[PDB]
Structure formats: structure tokens, C-alpha cells
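# got an experimental structure here, sequence first:
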There are 2 protein chains.
Amino acid sequence: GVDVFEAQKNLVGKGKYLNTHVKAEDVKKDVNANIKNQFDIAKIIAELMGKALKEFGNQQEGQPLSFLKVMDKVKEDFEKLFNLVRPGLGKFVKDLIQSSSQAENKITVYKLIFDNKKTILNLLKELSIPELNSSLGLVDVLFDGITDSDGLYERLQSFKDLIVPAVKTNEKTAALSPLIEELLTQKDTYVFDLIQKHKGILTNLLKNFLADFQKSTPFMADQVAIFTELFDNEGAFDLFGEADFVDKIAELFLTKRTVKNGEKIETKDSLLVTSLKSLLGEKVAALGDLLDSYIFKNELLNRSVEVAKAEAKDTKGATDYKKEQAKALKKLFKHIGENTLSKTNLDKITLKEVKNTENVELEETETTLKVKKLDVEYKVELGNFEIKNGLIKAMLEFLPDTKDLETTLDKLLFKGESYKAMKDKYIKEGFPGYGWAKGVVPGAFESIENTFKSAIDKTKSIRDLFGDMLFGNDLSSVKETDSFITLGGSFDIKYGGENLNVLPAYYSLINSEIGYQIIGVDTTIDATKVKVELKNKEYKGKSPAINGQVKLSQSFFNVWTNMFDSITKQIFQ
Amino acid sequence: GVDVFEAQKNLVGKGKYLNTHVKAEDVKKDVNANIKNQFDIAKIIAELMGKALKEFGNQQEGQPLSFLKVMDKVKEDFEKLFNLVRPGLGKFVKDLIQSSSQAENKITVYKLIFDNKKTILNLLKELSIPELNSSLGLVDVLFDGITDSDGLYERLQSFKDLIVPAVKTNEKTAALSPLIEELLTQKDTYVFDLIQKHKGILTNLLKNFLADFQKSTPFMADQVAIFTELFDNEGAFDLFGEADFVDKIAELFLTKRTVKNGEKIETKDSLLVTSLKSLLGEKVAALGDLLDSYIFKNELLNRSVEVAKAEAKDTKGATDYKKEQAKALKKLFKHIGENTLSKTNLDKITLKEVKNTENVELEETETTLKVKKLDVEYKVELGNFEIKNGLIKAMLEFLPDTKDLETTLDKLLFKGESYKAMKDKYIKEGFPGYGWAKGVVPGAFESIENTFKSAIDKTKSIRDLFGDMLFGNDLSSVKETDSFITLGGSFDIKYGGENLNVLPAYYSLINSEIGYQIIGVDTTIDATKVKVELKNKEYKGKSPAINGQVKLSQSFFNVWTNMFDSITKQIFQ
């Protein structure tokens, strides 16, 4: 055949395939449907985590709820999602997430495969590896003369005597040999049961794929790093089985790791802490110690495995941080599910067409196909997307509630590396103009510290300080139903261009299904005309943590408000 | 004759004049008497200001007491002083200070001159000007055949017909012509009456002499500068007449000057302020503003002439600062007279001989005369020279008692030239490590100033602050009878040398009286073994001016104590 560019010699032209098979009305409708489907899949994704998250959060303590038992409660949504990402991929995913022991209605792997065979063929042809096509040449021969999944199972059992030696002899699939084994051994195979049962091999391939992606995608290196750290444990595949997702995600992502056997590497911390260390590498330094005392040393984010049964050995209520952290995660899931990403809250985000009338004329001249003038604009109206108090109040509750705020703030402000140097320099000499007054100095940098220390309320923790910084008013006096951040207005999408080339777009492997791509589309996301307003822009607190004549919680809140306005002016629109 | 060095050819030698007229016992006794007489004249000077100062201070308000009416009350002391500075100069000064209208027993100029004619001859021969000897050639002829002052007056009247044309024709004495005029016109001439009556001419010669001394003595330029500024006014000679010294010294030394007539130069300030400006030129800069608000702008040191009758025009009690300042000066004189430089307090300073036994052998060999081995040592035992509270408490009372201490200290500390620059720099950017927290800065350098300002007691003035800095305890609770500084121990004087040349020493002019001088005497003043102790080395105050958690009056007091110890370790012994 013709690889990628000898194809674009007999496929486009004056009256050749692409030009005569792509119409101006077709181009216009597909361009509009591109934005429409992107918005629709974004909305379905947002509601999906917000329909499953509500079930996660509302689950009672001590009652396990797996990652897949909740998948059924949103199964249709997945279908919708995946019937909008790719036409025809609606039954496959809805069947896939029902192919597990935790699903309400089990369906076998053979039922999963025979029904949506064409969709599986497209997905396999979309894989980046060429060699898979060698295994794809017998799929049509495999599915010939088959009317039900039972016949497919029988024919695969007949062909096993040739399939399994080829799999074993291939070094790439040599480790895979057990998998396909029971794919021909039991008629009641389930994809997710296999995934949770073949933990080691699947983790090995996942680690290799993630390492390859890291070597290929340095820009998202943090996400691949956290994924690899997650999948370094075989038990990380217990999510796709009979487990508790609201607990497994806590013991995988918010729990210290000891994945080694030499002497001890238990100091590996948690996944979230390592991700914060990577993402806050050197952006902030002085407050990093704060992160060391409140973010890197909290049992709700760093559960400190094997240390709970070290000094107590009696299981106190506070000692067991595996359920308090699970409760905090469940509360966060509750709020993100039914208060932020709910159907009602997501309903006030409307993608309205603006012009959608101009005809996208196509000009053909020899081996070319260009769009005369593409100009479509869609207004995404954010309505009033009330991010209520609780999306960030739950994250505040993740922070420890230890009342020891004086010592931590003293260490952060005064017992630092820069303030101490200035202290010493002013003690030995200094105070310009005065000079001879050196005994005054250890009476000057002592009340300067003393008033700051005495301002800090003895009964307020870092939760209260962060509530003053963000909410303004005190946490106990801040209503969870109020909106912390409200998104209003609308932002424009301005797909545009002149003389834009239209060229054939193929799948990853050899396939008879082809699309077309318009290259060089100026996709201007004019994010202006949106207002990300802090509803609590004034300090309403009555018992500030650092109140007094040296009120810093109010100053910190004003700093937060100003920095939020700056972020919404530069990072946003 | 032989000028200075051809004289030291026939005056010293083997058996020549100086060698055969100066004995080893004579050298020893004169060397011992040098230290003894220096100590004695120092003690008599100290008691003199301390016997006259007591009379100055104890004088009631509104009763004038001239500089010379008190001179009589100590007249004998002057004689003692001046009979120890130079033998025979005992009757002359005691007669001189009685030759005024303010003296209790008036004596004429002729009585002053004929009696101690020889002493006047020595003093005139001690004047630096050579030409005076031309007028000294007729003194012996003038005093021939005279038995009383009446005969001297008659002979000067006879010789006036030749004396006064010579005085008039001489340009140097041309301005002097009126003076000698009444020196032959009235038989009841008084030296100090003439001095106070011939103000202009005497001020002119004094100004010329002081300018010459300034051109000759740059090291004591400040003293000559204040003297010239003092004598720039003719009325400055009103001290030697019918006036009030405790008031005249206040209106000459602690009063603004307006000595000009062009438009106005009243901003010339006082003599003490100008002397402080010269002596505190650039040693202290930041606290100079303090001196601007409390030392340069106080009516007790800068009386602000012609401004009292400018805005009030009703003579309020506080407005008339000419008697409040006079009262403060009288209180200081009272304390220095009968508490610090009293006879009882000065009695505990003993000059004791240590060895005073070694013979000062003299070796003569050709034109030389050397001391074989001079070694005398005298111990000055300071006893307990209690400088009581009041030598410095009165000077504290000279400072204004305005309760406005907050504004002045705020200007000195915060509203300065260096703190404001740091303020601006930290406001625009800064706070290293933080960076993004710029709104916190106008909440940081606001309590830093606020606590310092709030510490300052509203009812305490600079007098109280200086009392805390120096005395420790509050001024109202500090007893004036207690000793601020006590001098104890003793210091040694170690006149020494080997092979020290002894050569003739002559007067300023041609004279028949000659002394001898030993050159190169190592006069080691070993000031060690003395203890200048602050009796109040601990803060006993109960109402400090800057009390609180930012106690600065206590810190200032500790700084003062440490700096006093440093001064007594380096400036002292």
C-alpha cells in the first residue's frame, strides 16, 4: 500500500476520493459537532465524577463499596460518554464495567467480545503498536460463521491448540501466557476479575507502558511519576475487584509506602506528598517548612504505615487514622458530588452557538483541499457555577486540627534561616545611626517576636488560620451552603482560519475507516467576559486566629483575595 | 647680650653659674614641689569654684550678685591660688579683685600698682610681646624716690605731658589713648570699673588677641571660638561690674544672639548650642535630631531673644524663661558648690609622697648639666569623691520637661532617613523567601512601630527618659544625696628619667630672674588602680518611660552602664 503521503496523492485532488466524499455542509456540521461533542463529553465527565462521587461519599462507614459496584450506578453515563467520544463505543464500555464479580449483572468476556466485535476492532486498530495488526488478520476468520458467544467460545477452544503455542513462543507475550490461558479455560471469564487476579503481570506491563510514556512525555512527567508510584504495588490493582475505593484510594494515595525489603525504606511517604514535593519543588521555600509541619506530617495525608501499632498498641480512637482519613475523603466526595459537580450545578453551563450559519466552502485544485473561510464561535455561559463552601472546606479539614499554632508559626517566621541571620547581625552590631546601643537590640527583637506570638490564638489550629485566609469569617461561622467562588459570564471559542488545508486522517493501524483533518485551525479560547468572584471578599470573622493590633489573619485574607484577583486576571482569562 | 643659646655657653659648664647655683637637694625639693604645687593649685581651683559657686547658687531670686561681689567672699583663696602659682603673686590678685565698685573695700589703681610693683614687673616681663620692654625701661626711674601711692600718682601726673603724646603717636596704643587718660585723670581709678566702662576698646583688643590665639592654637579652636563669640558683644564686659553673674552668664552663654543689623541674623542661636554643634559635628547623626528637638530648641539653653514679646505680649509664668533658666543655673551652681566641689568632698583627695628619698645627683661636664637619675612618684588617692545626684540631675533639669515624648521618639526612630528607606524597600518588594506576600508588609511595619510607640509613657518627658538612662530609678524616686559616680582608689605620678638635661629657663622678656628646666621628664600618669563606680548599676525604677515587654529605658540604662564602663576603661585609666 501507500504509507501516509503516497496516499495523499490518489486520495485528494480535483475529483478524487476525499474531495468528492467531503462536502461543505459536511465540513460545517462536523466542525460544529466537534465543539458540541467536546463540550458534551466534558459535561458528562464532570457529572460522572459527581454521580459516582456522590455514591462514594454517601456510603456508610464500615460498608465496603468497590470501584465497580458504583460503576454500575453510573454505567449508562459511561455509555453516553463513550457514545460521544467515538460513535458505536457505547455498548462496549457499559458492558466492560459490568464484567466483574462486583457488578450487579455479570456478563462473560465472550459476551463482552462477540457483541461489540467491531468496536473492539477499531480500538485495537487505534493502538500505537504495529505488530498487533498481525494478530488482527485472523479476527475476521475468527468471527466467520458465528451466531452467538457460545460458538465463539467453541471456536476459540478449537483454535487454542495453535493460539497458545504462538503466544508462548513470542517473547513479548511470553509473560502474557497465563492470561489467554483462562481466556480459553473458563466460559465465565470476566475482564476485571482477570485484572484483579493477574495482578503481577498486569502491573508489569502497566509499569513498562508508563515508563515508555515518561520517556515520551516529559511535560506531564509528574502525572506519570505518580501513576508509576501507584502501580509499583501489586495491591494497587485491588481497586478493580472486591474492595473499598474510598478506602483503597486512601491507602494508596494518602498513605506512607514501604516498598522495599533491604533494611527499611518506609520513609517513602505517600503519593500525594511526593506529588506536592515534585510540583512544589522550589516555588515556595520559607512556607515549605509549614508544608513540612502540616502537609508532610499529617496522618490524613501521610498515614505512617506500621507506626500506629508501634507506641500505642491499644487502638485509641485518635490513633486509628485509617477511618478518620477515610471519613474526610468521604466528606470531600460528598461535597464534590452533590454540591459542586451535581446535575443542578452543572446544568448552568450552556454551550450556545453564535453564528453557525456561514457555509464552509471547499476549494479543490490538484493535490489540495482547503477550507475557504472557517469561522465558528461558541459561547460557553458559566451561569452561576457556585463552588460552595465544602469543596475547599473539606480540604481544609484534611489539614490537621492540632491546636499547636504558636510553635509552628514561631518556627516559620522567627526560627528560620533568614530572620535568624538578621537577628545575629543586629545583635553583634548594626542599628544604623545608633551604633552604641547594642544592649537595646535584645529588647527590640524580643517584643517584635513577642507581640506576633501573643496574637496567635491558643485555641486555633491551622484549619482556622486557613479558614481566615480563604473564607474570611471563622470556620464554625462559615456556612457550607454559601458559595466560596462563583463563575459568571461566558467565554468564547473562535475556531477560525483561511485557506486551511483538509487532508485525510487515518487510524493507528491499517483500517478501512478514514476521517479528515483540518490543520491549522486557530482555536482562540477568548476566556474574557468571565467573572470568577469571591463571594466572601470581606473579613466577617469575630474570633480571628491572629487578631489584635497585629491582625494577620485579616491581612492574610486580604493577601489571598488580591492574589486570587491576580490569578483570575493572568492564569484565568 | 646673648639671646637664648649663646647664654647657654657661659651659664652652664663645669664650675659656671647654673652648675654652681643649682644643688642636688635643690633639684629634688623643686621637683617634689612641682607636683605638690600642681596638686595644690588644682585643689584650690576646685574649691574656688565650689566656694564662689555656692554663693552664686544660694543667692535669692531677684537679688543681683555680681561676678566681683562674690570674688571678695573668696578673695583670700585667690591669693592662696596665686601665691602657689607664682611666689609673691598673692597680694596682687587679692588686690585686683578688690579694685571695683562692687568690692566691699575699694582700693585705687595706684594702691594696686605701687604696693606690688615687683609682681607687676614680673607679669609684664612674662608677656609675649617684646616691645613692652621699651615701656619697661622707665619703670625703675618711675618708682625712684616714692614712699606712697600719692607720690606715684603725683609723679605720673608730672610725666603725663610726655607719656600721653607717646601713647597717642603709637598706632598700636592709639586706640588705648582714652584708658591711660583717666589713669592720670582720677585718683580713685579702679581696674574693673575701667574695664566695664571702656567696653568697646577692651573688647577690640580681646577679639584681636583671641583671633591671634586661634591662628596660633588650632587644637583648642572650639574654646577660642566660644570665647570670640562671647566677646563679640560689648555687653559681655558687664560681668566685671554691677550686674548679676548668674544672670549675665545665662544671657551670654544660654541665650540666642542677634549680633547684626543688615536684615536679621537672630538665628545665630546661643553659645552653648554652637559649642555643642562644633563638638558634636558629625560624631552622632541619628540622635542629632534629638539634640535638635531637646537641646537646640529649649528655652533654658536657647532663650530665643525678642520672641518672648512676639506672640504672648502678656508675660505668662512659663513664657518668661529668663528666670526659670536662671533658677536652673542657680540650682546647678548650688550642687556643684556644696555637694561636689565642697571642702568636705575635696578633702578626700590626698597627694601622698611614695619614695621622695632618692638624691637627684647632678653630673657636670663642659657645657652640660644632667640629672643622674630622677625618679619621684606621688599617689593621688581619690578616696570616695562622691559625685552626688544633682551634678547631673540639674543638667537633666536643664532639658525641657515637655511631655511630648511620643512624637519626638517616633521621629527619631521611625520617621528618619534610614528607617523610611527600609520601609519603602520592604513595601515595594522584599521579605526574602516570601516574595508574594506584599500586602502583609503594611501590617508588619505598623505593629513594629505601634508597640514601640505605645510603650512610651504619655506622662514622661525627656527628663524622665534621661533619668532612666542614667540614674536607673525614676527621677522623683532618685535621692539627690546619693552618689551617681564614686571615684575610689589612687593613681600614680611617675616623674622619671635618666641623663636628663638641665638648662636655664628665662622669662618672656629681658629679666634678671632666671629658673632652670629639666627637659625630657617622663611624666607617667599611671591612672590605673582607680575605680569610677556607678552606685546605681541596676534598674530600680517602678514607672519606666518605655516600660512593657519592649522595655527600652531599662535597655538604655544597661547600654549607658556598659558604655560608662568602656569609657572608664579606655578614656580613663
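Nice, thanks for sending it over. Numbers count the residues shown, from 1 in each chain, chains lettered A, B, ... in the order given.
# please make it C-alpha for all contacts and neighbour counts, starting now.
Noted.
# name the SS class of the residue nearest to residue A:88 when sequence neighbours are not counted, please.
Distances taken as CA to CA, 6 or more residues apart in numbering or on different chains place residue A:119 nearest to residue A:88, at 6.6 Å, with adjacent residues excluded. Secondary structure, DSSP: H, G, I helix; E, B strand; the rest coil: residue A:119 is helix.
# what is the neighbour count of residue A:119?
Residue A:119 has 18 neighbouring residues, counting by other CA atoms under 10 Å in any protein chain shown.
# again with residue A:63
Neighbour tally, residue A:63, other CA under 10 Å: 8.
# now it. Its backbone dihedrals?
phi -110, psi 110 (degrees, to the nearest 10).
# what's the distance between residue A:496 and residue A:521?
According to CA to CA, to the nearest Å, residue A:496 stands 6 Å off from residue A:521.
# checking the most centrally placed residue in chain A next. Helix, strand or coil?
With distances taken as CA atoms, centre = their mean, the residue of chain A nearest its centroid is residue A:223 (8.8 Å). Here residue A:223 is recorded as helix under three-state DSSP.
# show me what contacts it?
With contacts defined as CA atoms under 8 Å, 6 or more residues apart in numbering or on different chains, residue A:223 has no neighbours.
# that one and residue A:268, how far apart?
Distance, residue A:223 to residue A:268, by CA to CA: 17 Å.
# ok, residue A:57 next?
Counting by CA to CA - residue A:57 and residue A:268 are separated by 28 Å.
# more neighbours: those two, which one.
Between residue A:57 and residue A:268, residue A:57 has the larger neighbour count (other CA under 10 Å), namely 24 against 17.
# a strand runs through that one, doesn't it?
No - the assignment for residue A:57, made by three-state DSSP, is helix rather than a strand.
# in contact with it, which residues are there?
Contacts of residue A:57 (CA under 8 Å, 6+ apart): A:246, A:329-335, A:337.
# out of the residues you listed, which are inside helices?
Counting by DSSP state H, these place A:246, A:329-335 in helices.
# and of the contacts of residue A:57, the nearest to chain B?
residue A:332 (29.1 Å; CA to the nearest CA).
# so where do the helices sit in the stretch 201-350 of chain A?
A:221-231, A:245-253, A:271-279, A:288-294, A:308-311, A:321-335, A:343-347 (DSSP state H, counting those that start in this stretch).
# any chance of TSV for those, columns distance to residue A:188?
What follows is the helices of the stretch 201-350 of chain A, written out as TSV (distance: least, CA to CA, whole Å):
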stretch	distance to residue A:188
helix A:221-231	27
helix A:245-253	25
helix A:271-279	36
helix A:288-294	49
helix A:308-311	42
helix A:321-335	34
helix A:343-347	37
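# closest to residue B:156 out of those helices?
In terms of CA to CA, the element of those nearest to residue B:156 is helix A:288-294, at 101.2 Å.
# now do the strands in chain A.
Along chain A, the segments classed as strands by DSSP state E run A:350-353, A:362-363, A:370-375, A:378-381, A:385-388, A:483-505, A:515-518, A:522-526, A:530-534.
# which ones are touching residue A:502?
Applying CA under 8 Å, 6+ apart, we find residue A:502 in contact with A:368-371, A:516-519.
# may I see the PyMOL selection of the buried members of those residues?
In PyMOL syntax, the buried subset of the contacts of residue A:502 is picked out as below (16 or more other CA atoms under 10 Å in any protein chain shown):
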select buried, chain A and resi 368+369+370+371+518
